[PDB]
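# Per-entry structural report
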Amino acid sequence: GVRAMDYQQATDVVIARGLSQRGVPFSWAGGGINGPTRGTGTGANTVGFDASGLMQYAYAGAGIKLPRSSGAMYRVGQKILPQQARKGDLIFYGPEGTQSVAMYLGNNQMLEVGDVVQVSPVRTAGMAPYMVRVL
């Protein structure tokens, strides 16, 4: 029972942290565990998040340090069938999840980085075959 409670408690913390960043601008390669930062290249002069950076920030609240890169996140935790998705699960885009990543919020909502950190409907186009549970 404590397992379930800890999972639920962790999930709530991570969602709260992610949601607190709504509106922060996209920055190519920006951000990480400690919050938004300048990125590189096109993002060198912009403080913000890319998808990977935002996930690292949000999940750090549950005492988890996620790998850098969506492609590396796709290779940790438990692979989940999308039909069995729960809030807190990670959704991936591109071949082997290397293009991007977002956090499922339940009811076909996800926290993603668009032009800014935002809550969006789930996008199925280009979605990787599995989701990932780390909590």
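Here we summarise the structure given alongside this text.

Cut-off values and rules
- Counting starts from 1 on each chain and follows the sequence as written, independent of the entry's numbering; residues without coordinates are not shown.
- To get the side-chain values, take all heavy atoms of the structure and skip hydrogens and water.
- To qualify as a nonpolar core, a set must consist of buried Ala, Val, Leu, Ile, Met, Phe, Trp, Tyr and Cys residues joined through side-chain atoms within 4.5 Å.
- Type-normalised accessible area, obtained with a 1.4 Å probe on protein chains alone, sets the label of each residue: buried when under 20%, exposed when over 50%, and partly exposed for intermediate values.
- Secondary structure is summarised from DSSP: a helix means a run of H or I of at least four residues, a strand means a run of E of at least two, and numbering begins at the N terminus for each.
- Contacts are assigned to residue pairs that have any heavy atoms within 4.5 Å of one another.
- What makes a salt bridge here is a side-chain nitrogen of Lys or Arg within 4 Å of a carboxyl oxygen of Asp or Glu, nothing more.
- Between the rings of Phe, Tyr and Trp (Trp by its six-membered ring), a pair exists once the centres lie within 6.5 Å; its type follows the angle of the planes, with under 30 degrees stacked, over 60 edge-to-face, and the other angles tilted.
- Put simply, a charge is over a ring when the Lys NZ or the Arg CZ is close to the ring centre, within 6 Å, and near the line of the ring normal, within 35 degrees.
- DSSP-based pairing: two strands are paired if at least 2 bridges between them are found.
- A positive count includes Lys and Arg, and a negative count includes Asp and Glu. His and the chain ends are not counted in either.
- Counting of polar contacts relies on pairs of N or O atoms within 3.5 Å, with two restrictions inside protein: one atom must be capable of donating a hydrogen and the other of accepting it, and residues adjacent in sequence are counted only when both atoms are side-chain atoms.

## A closer look at the nonpolar core
Across soluble globular proteins, you tend to see nonpolar side chains buried next to one another. By size, the foremost hydrophobic cluster in this structure holds 24 residues, and its most contacted members are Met55, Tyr59, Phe92 and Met103. At the level of secondary structure, the elements contributing two or more residues to this core comprise α1 (2–19), α2 (51–60), β4 (90–93), β5 (100–106) and β6 (109–113). For this core, the element with the most residues is α2, which contributes six residues. Beyond its immediate sequence surroundings of up to four residues, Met55 is in contact with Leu66, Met73, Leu90, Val101, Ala102, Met103 and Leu111. Counting seven residues, the second largest nonpolar core, distinct from the first, contains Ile91, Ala102, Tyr104 and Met131.

## Considering the pattern of salt bridges
As enumerated under the stated definition, the model contains one salt bridge in all. Ionic pairing is found between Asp89 and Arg133, a salt bridge with its closest N-O pair at 2.8 Å. Remark: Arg133 occurs in strand β8 (residues 131–133) and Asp89 occurs in the loop between β3 (78–80) and β4; sequence separation between them is 44 residues. Overall, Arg133 belongs to the buried group, its relative accessible area being 14%.

## Regarding the side chain of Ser52
Inspection of the secondary structure assignment puts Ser52 in helix α2. A relative accessible area of 12% places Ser52 in the buried class. What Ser52 contacts, discounting residues up to four positions off in sequence, is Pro67, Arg68, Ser69, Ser70, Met73 and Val101.

## Examining the packing of aromatic side chains
For any pair of aromatic rings, geometry is given as the distance between the ring centres together with the angle between the planes. Applying the stated criterion to the full structure yields two aromatic pairs. The ring of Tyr57 has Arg17 lying over it, and the distance from NZ or CZ to the ring centre is 4.3 Å. If you follow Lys79 out to its NZ or CZ, it ends over the ring of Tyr74, 3.5 Å from the centre.

## Some words on the environment of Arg3
Here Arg3 shows up in helix α1. Owing to a relative accessible area of 75%, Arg3 belongs among the exposed residues under this scheme. Between the C-alpha atom of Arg3 and that of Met55, which follows or precedes it by 52 residues, the distance is 22 Å.

## Looking at the pairing of β6
Most of β6 sits out of view: four of its five residues are buried. Taken together, the three bridges between β5 and β6 define a ladder with antiparallel strand orientation. Paired with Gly106 across the strands is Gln109, a residue of β6. What sits between β5 and β6 in their antiparallel hairpin is a turn of two residues, with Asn107 showing a positive phi close to 45 degrees.

## Some points on the side chain of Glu112
Take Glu112: it is sitting in strand β6. Although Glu112 lies buried, it forms no salt bridge, and the closest oppositely charged side chain, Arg123, sits 6.2 Å away as judged by the N-O distance. Within the structure, the side chain of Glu112 is placed 2.5 Å from the side chain of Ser120, a separation counted as a polar contact. Not counting residues up to four positions away in its chain, the partners in contact with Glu112 are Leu54, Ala102, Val117, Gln118 and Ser120.

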